[PDB]
Amino acid sequence: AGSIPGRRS
Amino acid sequence: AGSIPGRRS
Amino acid sequence: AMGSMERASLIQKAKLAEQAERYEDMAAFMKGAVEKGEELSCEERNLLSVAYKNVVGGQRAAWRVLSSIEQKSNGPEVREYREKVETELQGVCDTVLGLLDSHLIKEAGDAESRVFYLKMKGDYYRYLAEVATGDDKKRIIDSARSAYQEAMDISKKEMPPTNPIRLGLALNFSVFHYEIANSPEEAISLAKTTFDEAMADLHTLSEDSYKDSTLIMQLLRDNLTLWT
Amino acid sequence: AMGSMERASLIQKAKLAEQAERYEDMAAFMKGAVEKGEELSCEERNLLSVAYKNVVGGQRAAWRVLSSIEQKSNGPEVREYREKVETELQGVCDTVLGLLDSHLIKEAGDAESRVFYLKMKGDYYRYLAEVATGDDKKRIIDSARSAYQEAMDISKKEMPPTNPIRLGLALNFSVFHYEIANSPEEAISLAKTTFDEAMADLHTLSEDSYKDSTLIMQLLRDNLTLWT
Ligand SMILES: *Cc1ccc(-n2c(Cl)nc3cc(OC)ccc32)cc1
Ligand SMILES: *Cc1ccc(-n2c(Cl)nc3cc(OC)ccc32)cc1
Ligand SMILES: [Cl-]
Ligand SMILES: [Cl-]
């Protein structure tokens, strides 16, 4: 189950 | 130009 | 620690640190920028979130590796080292929550900033809950739920159903329901309703906004595929 | 810093840190293990080298990103941040060189340990030379060359031409010639001679040793392909 991939920008 | 990839083990 | 550096220089260095994949530096620069006391622009909020999500993301991955080894073993070394990583992770989460409480949330009046910060507050309590054990877990879980719920209430009143912040908040709250609160049916219902209401609003969007909204909508679909 | 932890516990935690991809921790555990004052086994030498190569490898990648931005710009922020990363990298290299000098090399009497440590000494002076400017560069370059040369002299006398340490030393010394010393012809000649002498010795090897030697031999070939 994936959360927001907020690792870029 | 690549040196030894000694990043594992 | 960053008190002698200009706000604008801290922001510039945070962007450089992102390019160099130096996320601990990036987070330290953005902590210094927050502690200047001014509100953050949209781009600056993204820099703060990206920095800490990368730092805590590495800690979470390491904690999971060590926790798996520790469970497969049940000397003190594995537990000791898992505990060390866990304390470091808790310290980073506490730092982020401290920035949100002093004083980002209380000064955030526009929906886009307030929803963003409350989503962050839910996320970092969620990361705390992933490693918490017992009744401590209960209050931590309620803190995550309460932050996500306030963000949801604002987002439903103030943002269109395709807004990327609204969509990402719903995605992460659905993961909270599934993975933390043991509420898989609530997770599925929230993801489905969010996806369906966004679909019905896509006709209003430009090409660029359509790309952003449909990308996150696919993340909702990916979770629904795994959960059903 | 690790003085109160058992040597065996530091080694165990270094292995856990490798599994968790926590290379800074891994390097700190292995520094503590070296500072116990006992010689290192083959496996322990590998843990020390892997830890620091990962730490300095991340620093080198970041320094290259920042140096590229800095050159493309020619405010003070990019130079300031490149300098910060550079000083951190130099500090890690100095720490490794300090461990080799106090007292790993002087106690290393077998060819496999002494060649290994001298190759490391060449490598960390090489990383220092990558960021050095001027006549400082000259003495740093000579220090790398001298360490590699002593390692080469021992390896040619004491190890077969397929020995993986001997092969990796020759590979890295050839890179030193090509990238640092501005001696591409020496780099090519060393790589070719190393490859050819290893090929002629493969018939003596078991299946497992053959796999190890041919893998490194392919790295020599890959460089020769790029250089010719
Ligand atoms: C928590 C969170 C929600 C959404 C996003 N996100 C993503 Cl992924 N892509 C985006 C594009 C945007 O353009 C305005 C805004 C937000 C976006 C990240 C994090
Ligand atoms: C500096 C250096 C040289 C060789 C190696 N290396 C590699 Cl790659 N694979 C190896 C297998 C070995 O088995 C005994 C020994 C050394 C090996 C790493 C680093
Ligand atoms: Cl059901
Ligand atoms: Cl020539």
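When a ligand or atom number is given, it counts from 1 through the structure's own listing order. Letters A, B, ... are given to chains in the order of the sequence lines, protein chains preceding strands, and every chain is numbered from 1.
Evaluation of the ring pair (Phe, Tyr, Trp, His ring centres under 6.0 Å) rule for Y178(D) yields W227(D) as partners, not counting sequence neighbours. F116(C) pairs by the ring pair (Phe, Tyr, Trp, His ring centres under 6.0 Å) definition with nothing, not counting sequence neighbours.
Between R114(C) and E107(C) there is no salt bridge, since no side-chain N of the basic residue sits under 4.0 Å from a carboxylate O of the acidic one.
Residue-environment remark: CD (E43(D)) stays at or below the threshold of 12 foreign heavy atoms within 6.0 Å.
For atom 19 (C) of ligand 2, the nearest non-hydrogen atom from the set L171(D), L167(D), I4(B), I165(D) comes from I4(B). With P164(C), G168(C), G6(A), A170(C) as candidates, the residue nearest to atom 4 (C) of ligand 1 on a non-hydrogen basis is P164(C).
Backbone and side-chain nitrogen or oxygen atoms of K119(D) are examined, and none is located within less than 3.5 angstrom of a nitrogen or oxygen of ligand 2.
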